[PDB]
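The sequence shown runs 12 to 136 under my numbering.
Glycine included, each C-beta is placed from N, C-alpha and C at the ideal position.
Here the structure is laid out as C-alpha cells; the discussion comes afterwards.
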Amino acid sequence: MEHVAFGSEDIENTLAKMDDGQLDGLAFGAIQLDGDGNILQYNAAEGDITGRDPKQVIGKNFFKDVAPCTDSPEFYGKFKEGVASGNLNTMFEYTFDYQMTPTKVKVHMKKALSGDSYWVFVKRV
Ligand SMILES: *C(=O)/C=C/c1ccc(O)cc1
C-alpha cells in the first residue's frame, strides 16, 4: 500500500507525488479528471470496484461514456459547478449501476492542488 486515508484533509497534497503506479497502491479508488471530465488517471482499486480496465478508460470522458449513471445534478452537476468555480470539495454516497451489479459507494471529489484537474475518490459502503 500507499498509506493515505479516504477523506484526508490534505489528500490533494499527498496525491500530487503519485504516478500511475503509486496511485495503484491506494486503499480506495482514485480517478483524476480534467475540467471536461476526461480521465487522466484511473487506479487499480477503482477497477476492482467497478470492473473497468484502467488503461482502457484513460482518455475517455467519464460523464459521457464511462459513467452515464453519474450524468445527473447529484454527481456531474456538482463536478461541473466545481470546475466552473475553480474550487471543489464534496463527499456523498452514490450507486453505480451501469452494465454492472449496482454498487453503493462513498464518493469524494476534490480539486487537485496544481493546474486545473479534479480527483474522484471512491470506496465501498
Ligand atoms: C454509472 O454509470 C457509474 C459508472 C462508473 C462509475 C465509476 C467508474 O470508475 C466507472 C464507471
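What number of angstroms, rounded off, separates the C-alpha of residue i from the C-alpha of residue j?
i    : j   : result
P113 : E23 : 29 Å
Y87  : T81 : 6 Å
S19  : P65 : 24 Å
Mind checking who residue i pairs with in its DSSP beta bridge?
i    : result
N100 : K121
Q52  : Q43
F107 : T114
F74  : The partner list for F74 (beta bridge, DSSP) is empty, contrary to what the question assumes.
Mind checking which residues open and close the alpha helix (DSSP H) that includes residue i?
i   : result
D59 : 55–61
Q33 : 31–34
Restricting to Cα atoms, I'd like to know which of the options is closest to residue i.
i    : options                : result
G36  : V15, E20, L44, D47     : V15
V136 : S125, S128, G126, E104 : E104
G48  : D59, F74, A38, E57     : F74
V133 : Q43, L124, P84, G32    : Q43
Thinking C-beta only, is residue j closer than 9 Å to residue i?
i   : j    : result
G97 : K121 : no
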